[PDB]
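Participant:
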Ligand SMILES: CC1=N[C@H](C(=O)O)CCN1
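Numbering (the authors' numbering), first residue to last: 1 to 310.
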């Protein structure tokens, strides 16, 4: 059978680990067959989302970092320090969240997409060519960022000069010094060898990388009750498998960056040093309320209640 599936990373990366477990589970329990499409085929994240909405692709992985333009209240995932750093507590959140698994679903549906899961990918880290010790060290650093308004507002509040750019241009831009800064989890910034074109890694603990897996809603609604269930089963099985794997990654990948490039300067900021960043976190939150109205306000409240209950 057909059923095409496209994601934003390599096969060996985290979104690939998810895809491959999803593929296993579908194929072990039916006659259906999943066809995988990693980054490097079909093009950027914006491209594959269009391809999923046009109906060429059936399943797509698109991170809220790109969907913030489409669904405005997906900007919640970029309110600094909202998401906990405790990876065990974080995994229980996305699984049992009334906000993620109930309140977000009709909003994605408004754009013709059937939301399956959201999952974490790990604590994020700044890579720059100048030292970052406080917020004023970011002053006039051209910092690449995913394409959504609030994430852009975050690095303005940090003191940097934010630049929205699709991933395909990030390595080259850094190499030719058109940009001086970038942010991603540790597994990915090792995987993409981005340490070759940056000098400093900084753990501010401001965010965890979140991503989402969805299906073309028309396609999904066309399926039988058994097929729909089969998909839901495969998504839940892929989630459980991915969270275990991505925990191991964050806990081991930094050792490999230092192995391949021993000169690399890796700073993890103390709570004392993180103070100016957490001060910016409150005014970014205030900005989020202004942009998304009372619609996204109910999402923030529930998200906080889900974190507490878990
Ligand atoms: C951590 C990650 N970064 C990519 C990016 O910065 O656009 C998206 C695929 N996954």
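Don't be surprised by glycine CBs; every beta carbon is placed ideally from N, CA and C.
#1: Short check: CB of residue 146 to CB of residue 63, under 8 Å?
#2: Can you determine whether any heavy atom of ligand 1 sits closer than 7 Å to the C-beta of residue 55, and answer yes or no?
#3: Which whole-angstrom value describes the C-beta separation of residue 123 and residue 205, a residue pair presumed to lie in contact below a C-beta threshold of 8 Å?
#4: Would you tell me roughly how many angstroms separate the C-alpha atoms of residue 195 and residue 256, rounded to the nearest one?
#5: Shortest alpha-carbon distance to residue 5 belongs to which of 148, 230, 155, 20?
#6: Is the region 74 to 83 touching the region 25 to 32 in the sense that three or more CB pairs, one from each, lie closer than 8 Å?
#7: In terms of DSSP beta bridges, what is residue 142 paired with?
#8: With a threshold of 7 Å (Cβ to nearest heavy atom), would residue 185 be considered close to ligand 1?
#9: Please report the straight-line C-alpha distance between residue 152 and residue 241, rounded to a whole angstrom.
#10: Flag residue 167 as yes when its Cβ comes closer than 7 Å to any non-hydrogen atom of ligand 1, and as no otherwise.
#11: Among 254, 52, 144, which one has its Cα closest to the Cα of residue 169?
#12: Would you call residue 65 buried or exposed, if buried means 16 or more other Cβ atoms sit within 10 Å of its Cβ?
#13: Based on Cα-Cα distance, which residue from 281, 232, 149 lies nearest to residue 207?
#14: For the region 76 to 132, list the beta strand (DSSP E) runs that are entirely contained and at least 3 residues long, ordered along the chain.
#15: To test your reading of the DSSP string, which unbroken alpha helix (DSSP H) runs of 4 or more residues are found completely within the region 167 to 249?
#16: From residue 15 to residue 301, what does the alpha carbon distance come to, in whole angstroms?
#17: Under the three-state reduction of DSSP, which class applies to residue 10: helix, strand or coil?
#18: Can you look up residue 31 in the DSSP assignment and give me helix, strand or coil?
#19: As a quick exercise: from 172, 167, 187, pick the residue whose alpha carbon is nearest that of residue 8.
#20: Only counting the same chain, and skipping five residues up and downstream in sequence, which positions put a Cβ closer than 7 Å to that of residue 175?
#21: Does the beta-carbon distance from residue 269 to residue 203 come in below 8 Å?
#22: For the alpha helix (DSSP H) containing residue 273, name the first residue and the last one.
#23: At the level of alpha carbons, what is the spacing between residue 118 and residue 96?
#24: How about residue 63: is its Cβ closer than 7 Å to a heavy atom in ligand 1?
#25: Which same chain residues, not among the five before or five after residue 248, have their C-beta less than 8 Å away from its C-beta?
#26: In terms of alpha-carbon separation, which member of 107, 259, 83 lies closest to residue 68?
#27: Please go through the same chain and pick out, in chain order, the residues whose beta-carbon is closer than 6 Å to the beta-carbon of residue 235, but skip the five residues on each side of it.
#28: Any chance you could list the beta strand (DSSP E) runs of at least 3 consecutive residues sitting entirely within the region 43 to 71, in chain order?
#29: I'd like to know whether the C-beta atoms of residue 250 and residue 186 end up nearer to each other than 8 Å.
#30: Apart from the five residues on each side of it in sequence, which residues of its chain come closer than 8 Å, Cβ to Cβ, to residue 179?
#31: Have a look at residue 303 and residue 277 and give me their C-alpha separation to the nearest angstrom.
Facilitator: Looking at the atomic coordinates:
#1: yes
#2: no
#3: 6 Å
#4: 11 Å
#5: 20
#6: no
#7: 161
#8: yes
#9: 32 Å
#10: yes
#11: 144
#12: buried
#13: 281
#14: 113 to 128
#15: 170 to 175, 186 to 191, 217 to 222
#16: 28 Å
#17: coil
#18: coil
#19: 167
#20: 197
#21: yes
#22: 271 to 308
#23: 11 Å
#24: yes
#25: none
#26: 107
#27: 116, 117
#28: 59 to 61
#29: yes
#30: 142, 143, 144, 163, 165, 170, 173
#31: 21 Å
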